[PDB]
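> quick one: initial chain(s) of a complex, as found there:
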Amino acid sequence: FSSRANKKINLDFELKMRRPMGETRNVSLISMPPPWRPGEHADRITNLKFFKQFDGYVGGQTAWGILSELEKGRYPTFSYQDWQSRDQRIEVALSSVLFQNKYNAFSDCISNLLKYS
Amino acid sequence: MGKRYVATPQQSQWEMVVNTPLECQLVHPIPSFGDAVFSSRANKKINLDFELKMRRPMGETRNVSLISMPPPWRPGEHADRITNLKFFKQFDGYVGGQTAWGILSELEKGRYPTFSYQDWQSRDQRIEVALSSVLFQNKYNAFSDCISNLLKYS
Amino acid sequence: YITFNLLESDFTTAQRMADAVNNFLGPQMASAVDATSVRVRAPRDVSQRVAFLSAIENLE
Amino acid sequence: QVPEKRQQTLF
Amino acid sequence: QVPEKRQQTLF
Amino acid sequence: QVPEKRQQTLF
Amino acid sequence: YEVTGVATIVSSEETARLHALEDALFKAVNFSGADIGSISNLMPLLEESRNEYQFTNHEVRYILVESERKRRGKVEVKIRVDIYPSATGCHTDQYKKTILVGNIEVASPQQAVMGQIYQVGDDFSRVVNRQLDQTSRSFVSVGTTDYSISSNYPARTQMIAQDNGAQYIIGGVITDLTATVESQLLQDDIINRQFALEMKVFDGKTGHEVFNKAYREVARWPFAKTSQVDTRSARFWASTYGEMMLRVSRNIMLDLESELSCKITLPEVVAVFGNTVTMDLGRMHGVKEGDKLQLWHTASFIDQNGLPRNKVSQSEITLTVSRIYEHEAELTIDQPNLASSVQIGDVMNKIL
Amino acid sequence: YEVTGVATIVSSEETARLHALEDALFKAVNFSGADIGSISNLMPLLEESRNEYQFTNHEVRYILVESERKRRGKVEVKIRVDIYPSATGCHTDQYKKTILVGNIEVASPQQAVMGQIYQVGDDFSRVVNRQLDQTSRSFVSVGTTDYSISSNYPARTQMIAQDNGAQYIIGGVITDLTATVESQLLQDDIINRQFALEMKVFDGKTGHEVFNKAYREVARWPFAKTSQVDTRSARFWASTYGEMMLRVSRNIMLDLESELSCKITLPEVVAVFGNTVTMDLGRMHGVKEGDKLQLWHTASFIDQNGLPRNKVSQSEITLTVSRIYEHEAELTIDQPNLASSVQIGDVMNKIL
Amino acid sequence: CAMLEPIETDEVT
């Protein structure tokens, strides 16, 4: 998650992969509950597109929504068919463990950002 | 279960930031959200600003509901609706006139002034921001002492 | 409500403990009913009452 | 004339 | 007229 | 009409 | 309607005929669908043995008794009545009330020596529990309890009601089980045994005593003086004494219907999960989806003298039923900004 | 249809004729393929001894009794009835419910002294288990258990149901086994023995009590006063008391059909292997391939007062049956991206 | 009309 000094609210989320994206695929972003939360259902967040040889990018309100779903203790899950994995469906989740303190530090730094670029 | 930003009794603190005959300032840090600032300045007329300063600035202009909610340790008490404000995009929330004095009054009675609104950074979900009345009375006395010692001219 | 029983019964200690809770939380929160007991209004939820009692029992 | 059962009451 | 057995209910 | 013995089943 | 009333003569033909008429009227009202709460006020005006009865402001207008027979030593009465089942009333739009049957005790164990009927209180509280469960219209029985409920300890009453999930607790004392002997030279002795009882109903929300009534009836004791009678057996409850005690239980149920049925039912908040709260009443209590409920903030205090008191703060919160289970229900708060002021123990009432 | 009803007279010809009519009607409905759940509501309207019966909103319209005989001391009734087997209903599209027969106990061992029938509870729970297994339409019996199920411990009920894989647990208490003696100078003594029983069914998913009923019947005790009767033997169950107890068991089964049959069956998730989950119900429960099921997230909590509560979160997950075994089944999740939110214990219901 | 006379479950006996 990257925020930069600017006059407008900006946040970029980049899923950087060791093995680059094989092909452009439709990706599904869901807010899956962790295992230690029985009885809670998953919320469909949105549908993205991850492009070839590029890191996954989510921006606008959806990146803030990912941060919010992490604040509630949930797992943002990107599901898509991996080219390096014989075109089979794979999931990538962001853990919410040890997120609160670093989210407070991130909010403080965002507070202390220059209002001009 | 939605998002509710309030200082727990162990976390609540009020501070007199500016104490001069030209300005008085009382600050309540809302953990994980920001600050609530009461500012009064030397003038010929009564003036008070309440500013809800957010770490993450307001994403969109929203209608906000100001209510005097009872704390959890006050069963059998109903909530008093105070007013409806409008919080503007990328600006700190502002309450002024008699409503800021009303917020101070509702804090003086052991209640929680609660602002409820839909948060843009939160997938447009409803969130609450409450001001804690714990450890408030001593700092309210200091704030009123400062107000009494303000220059009566600008 | 929850009730605190003083180990050493005294009217002044009972009233001072009532004032300590009222100053911390707010007006009309604790009341001394005799030289030993002080009644403090508490949340109905058991989890919130434990969290509430945690802050109150550490008052000086 | 028969007495009427108690009417609706709150609390 | 016979009473009808309980209808379909969930939980 | 006689009931028919169980049909072929796997596992 | 075509109804039959059966009642055994104990000491007066008038009493047996009146009991048979009451039985026939109760069966007619139960079949007609009319409320059984109104029956308990009709009996006083039935003391006279007139062939024709005229009533005003009731679901029954005229009563005409056509056949009276004393076959097999018990009066049989056949009547025709006109019952008008009202679709309205203060008792049809309310949820069912959960009632806990408390401990019923024999004040003097000396009186229970004949027949050794010492567990008569427990085996009669069982009958009262089953009568309230499977015969009443506006009551649900949540079982029996072994604790004694007193007016001196409202806090204990509240705690026991919370533990059992009961809105009201009903308990009594059996005050008379003595018998007298009537002797004739031609025949054998006749032992007429007494059964007096004082029932008391306490409100579990505040510990108040909301109902108090006394019952006394007499019936023949057909068993031998030295014979031991088991109060769980059919030998006891099929005898004349057993029929009298069953009639007493029915009168208890009818009095509870007469008094508590039109009290507004107040389901309690069980749990709050954000904007959704849980109700202790469910499908089996009459809850239907789409019902609108009004929230009341509950604050009941013991005053300076130790007497229970009630105080409800009115709320601007309205709830609607979202999902219904057999024993509970889920409600959604229509005012999300006020949802933080809902605590466990707040009561609700259905908006009519 | 052509049916015969056999029932022994105990104390009233009306009761024996009614029992024979009930037996004939039960056989006719079983042969006709009609649901046996609806029979239990027809009996109350059969109290009258009319030669012709008229009913509305039922699979049987008119009942005409043509022959009534009292051969060999028991009433035989021959009737002709018209049964309309409905292809629809809330009970035909549901999977079979697994039921565990709990411990049935004798409350007073004193009453079982005559004949020393102390294991009557166990040998009667065996009969109830076999009746539910091989006579019911919508139930599967998973055996008996030696543990006692109470409403005070929902957690124990849930644990025992999980251990035995039972959706419901049924247990009772035998409350009356006493007998009376009827003496005639011409003949020998007649001993009429009582059999009262209170059955209670608990939901294994949440520990709630979903069913509660009481039974009481009387039958002759043909054996000697000092003779010992074995409750596992055919001497006990072929006697009049045994026939009465078998009829009581049949009534238990019919009441369970009347109450629980149209409850929506909720198979549970047994194991999750990636995108494929396992269901505790299989071919023997009525599962067919290609069935579509809807997943519910289960969350049942004990509230602050220790009372069980239910809460289900609705899910956007739909499953279809891929492979079927005799006792289990495999389901494929139609939404692979939501497959990670399925945990063990979630329930499903068949989409109609 | 004509009320029925069907019996019900016994309360204790």
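Great, that's in hand. Numbering: from 1, shown residues only, chains lettered A, B, ... in the order given.

> which residues touch the most centrally placed residue in chain G?
Centroid-nearest residue in chain G: residue G:253, 3.0 Å away (criterion: CA atoms, centre = their mean). Residues near residue G:253 by CB atoms under 8 Å, 6 or more residues apart in numbering or on different chains: G:36, G:128, G:131, G:132, G:135, G:136, G:139. (C-beta placed from N, C-alpha, C; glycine too.)

> isn't the third one up against residue G:255?
Translated: residue G:131. No - at 11.7 Å, residue G:131 does not count as touching residue G:255 under the criterion of CB atoms under 8 Å.

> between these two, tell me which one has more neighbours.
Set side by side, residue G:131 and residue G:255 show more neighbours around residue G:131, with 22 against 17, by other CB atoms under 10 Å in any protein chain shown.

> and the more buried one, what does it touch?
Taking CB under 8 Å, 6+ apart, one finds G:249, G:250, G:252, G:253, I:11 in contact with residue G:131.

> at 6 Å instead, please
By CB atoms under 6 Å, 6 or more residues apart in numbering or on different chains, residue G:131 lies in contact with G:249, G:253, I:11.

> tally of neighbours for the residue in chain D positioned nearest to chain F?
Chain F sits closest to residue D:5 of chain D, with a gap of 59.2 Å, by CB to the nearest CB. Residue D:5 sits with 20 neighbouring residues when counted by other CB under 10 Å.

> check the one 4 residues further on too.
By the measure other CB under 10 Å, the count of residues near residue D:9 is 10.

> please apply the same query to residue G:216.
12.

> which helix or which strand is home to it?
Using DSSP states H and E, residue G:216 falls within strand G:209-220.

> isn't residue G:343 right next to residue C:45, touching?
No - assessed by CB atoms under 6 Å, residue G:343 is found out of contact with residue C:45, at 7.0 Å.

> which of those two has more neighbours?
residue G:343 (22 against 18).

> which one is that one nearest to, not counting chain neighbours?
residue C:44 (4.5 Å; CB to CB, 6 or more residues apart in numbering or on different chains).

> quick check: that neighbour touching residue G:346?
No - the criterion here is CB under 6 Å, and residue C:44 misses it with residue G:346 at 8.5 Å.

> please say which of those two ends up with more neighbours.
residue G:346 (24 against 18).

> quick revisit: could you dump the contacts of residue G:253 to JSON lines with distance to residue H:267 and secondary structure?
Shown next, in JSON lines, are the contacts of residue G:253 (distance: CB to CB, whole Å; DSSP: H, G, I helix; E, B strand; the rest coil):
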{"residue": "G:36", "distance to residue H:267": "42", "secondary structure": "coil"}
{"residue": "G:128", "distance to residue H:267": "40", "secondary structure": "helix"}
{"residue": "G:131", "distance to residue H:267": "39", "secondary structure": "helix"}
{"residue": "G:132", "distance to residue H:267": "36", "secondary structure": "helix"}
{"residue": "G:135", "distance to residue H:267": "37", "secondary structure": "coil"}
{"residue": "G:136", "distance to residue H:267": "37", "secondary structure": "coil"}
{"residue": "G:139", "distance to residue H:267": "35", "secondary structure": "strand"}
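
> chain J should go on the structure too:
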Amino acid sequence: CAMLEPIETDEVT
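This next block brings in chain J, placed alongside the chains you saw above:
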């Protein structure tokens, strides 16, 4: 007029 004679609950017996 004509007063009724219906009995009431006994005070002790």
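
> quick recheck of the contacts of residue G:131 now chain J is there?
Neighbours of residue G:131 in contact, by CB under 6 Å, 6+ apart: G:249, G:253, I:11.

> that one and chain A: what is the separation?
39 Å (CB to the nearest CB, to the nearest Å).

> count the residues that sit near residue G:351.
11.

> wouldn't it be in contact with residue G:294 here?
Yes - with contact defined as CB under 6 Å, residue G:351 reaches residue G:294; the gap is 5.4 Å.

> hang on, the earlier thing: next one: phi and psi at the residue nearest to the centre of chain G?
With angles defined as degrees, to the nearest 10, residue G:253 sits at phi -60, psi -40.

> excluding its backbone neighbours, what's nearest it?
Closest to residue G:253 by CB to CB, 6+ apart is residue G:131, at 5.0 Å.

> what about residue 10, how many residues nearby?
Looking at chain A here, since you left the chain open. Using other CB under 10 Å, residue A:10 has 16 other residues around it.

> you looked at the wrong chain, it should be chain I
So residue I:10, with other CB under 10 Å, has 17 neighbours.

> name the element it belongs to?
Counting by DSSP H and E, residue I:10 is part of no helix or strand.

> which ones are touching it?
Counting by CB under 6 Å, 6+ apart, residue I:10 has contacts residue H:216.

> and the gap between it and residue G:238?
Here residue I:10 is placed at a distance of 9 Å from residue G:238 (CB to CB, to the nearest Å).

> beta-bridge partners for the residue nearest the centre of chain C, please?
The centre of chain C sits closest to residue C:40, judged by CA atoms, centre = their mean, with a distance of 4.3 Å. Taking DSSP bridges as the rule, residue C:40 bridges to residue C:2, residue C:30.

> tell me the contacts of it?
For residue C:40, the contact set (CB under 6 Å, 6+ apart) comprises C:2, C:21, C:30.

> chain I: strands as residue ranges?
Assigned by DSSP state E, chain I shows no strands.

> give me the neighbour count for residue A:112.
Look at residue A:112: counted by other CB under 10 Å, it has 9 neighbours.

> residue C:35 touches residue C:11, doesn't it?
Yes - Residue C:35 lies in contact with residue C:11 (CB under 6 Å); the separation is 4.8 Å.

> which one's more surrounded, those two?
Comparing residue C:35 with residue C:11 by other CB under 10 Å, the one with more neighbours is residue C:35, at 14 against 11.

> which secondary structure element is home to the more buried one?
Using DSSP H and E, residue C:35 falls within no helix or strand.

> quick check: phi and psi at it.
Dihedral pair for residue C:35: phi -70, psi -10, per degrees, to the nearest 10.

> again with residue G:85
For residue G:85, the backbone dihedrals (degrees, to the nearest 10) come out as phi -70, psi 110.

> here's chain K, drop it on:
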Amino acid sequence: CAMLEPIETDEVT
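Take a look at chain K, now in place beside the chains above:
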């Protein structure tokens, strides 16, 4: 029609 009267397995006897 004419319902059959074939017996089944005994429940206990």
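
> the contacts of residue G:253 with chain K there, same question as before?
Neighbours of residue G:253 in contact, by CB under 6 Å, 6+ apart: G:131, G:135, G:136.

> any chance of those residues in a markdown table with distance to residue G:184 as columns?
Output for the contacts of residue G:253, formatted as a markdown table (distance: CB to CB, whole Å):
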| residue | distance to residue G:184 |
| --- | --- |
| G:131 | 36 |
| G:135 | 39 |
| G:136 | 42 |
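
> and the residue of chain I nearest chain B?
Counting by CB to the nearest CB, chain I gets nearest to chain B through residue I:11 (41.1 Å).

> is it true that that residue touches residue G:130?
Yes - between residue I:11 and residue G:130 there is a contact at 4.8 Å, judged by CB under 6 Å.

> list residues touching both of these two?
Among the neighbours of residue I:11, none is also in contact with residue G:130 (CB under 6 Å, 6+ apart).

> so which bits of chain G are right by chain F?
Residues of chain G that fall close to chain F, judged by CB under 6 Å from any CB of the partner chain: none.

> residue boundaries of the helices in chain G?
Applying DSSP state H to chain G gives helices spanning G:13-32, G:120-134, G:154-164, G:234-237, G:240-260.

> how about the helices in chain C?
Ranges of helices within chain C are C:11-24, C:46-56, based on DSSP H.

> ok, which of those helices comes nearest residue H:309?
Closest approach to residue H:309 among the helices of chain C (CB to CB): helix C:46-56, 15.1 Å.

> which residues touch the residue in chain D positioned nearest to chain J?
Proximity of chain D to chain J (CB to the nearest CB) peaks at residue D:1, 10.7 Å away. By CB under 6 Å, 6+ apart, the residues touching residue D:1 are residue G:56.

> apply 8 Å and report the result again.
Remark: with contacts taken as CB under 8 Å, 6+ apart, residue D:1 is in contact with G:55, G:56, G:57.

> do the same with residue A:1
By CB under 8 Å, 6+ apart, the contact list for residue A:1 reads A:11, A:12, A:13, A:63, A:67, A:106.

> neighbours of the fifth one, how many?
Residues lying near residue A:67 (other CB under 10 Å) number 21.

> and it, what helix or strand is that in?
Using DSSP H and E, residue A:67 sits in helix A:61-71.

> on contacts alone, who are the packing partners of that helix?
Applying 3 or more CB pairs under 8 Å, 6 or more residues apart in numbering or on different chains; DSSP states H and E, we find helix A:61-71 packed against strand A:12-15, strand A:25-32, strand A:43-50, strand A:75-82, helix A:100-111.

> can you mark which positions in the fourth one are buried?
Put plainly, it is strand A:75-82. For strand A:75-82, a neighbour-count test (16 or more other CB atoms under 10 Å in any protein chain shown) marks A:75, A:76, A:77, A:78, A:79, A:80, A:82 as buried.
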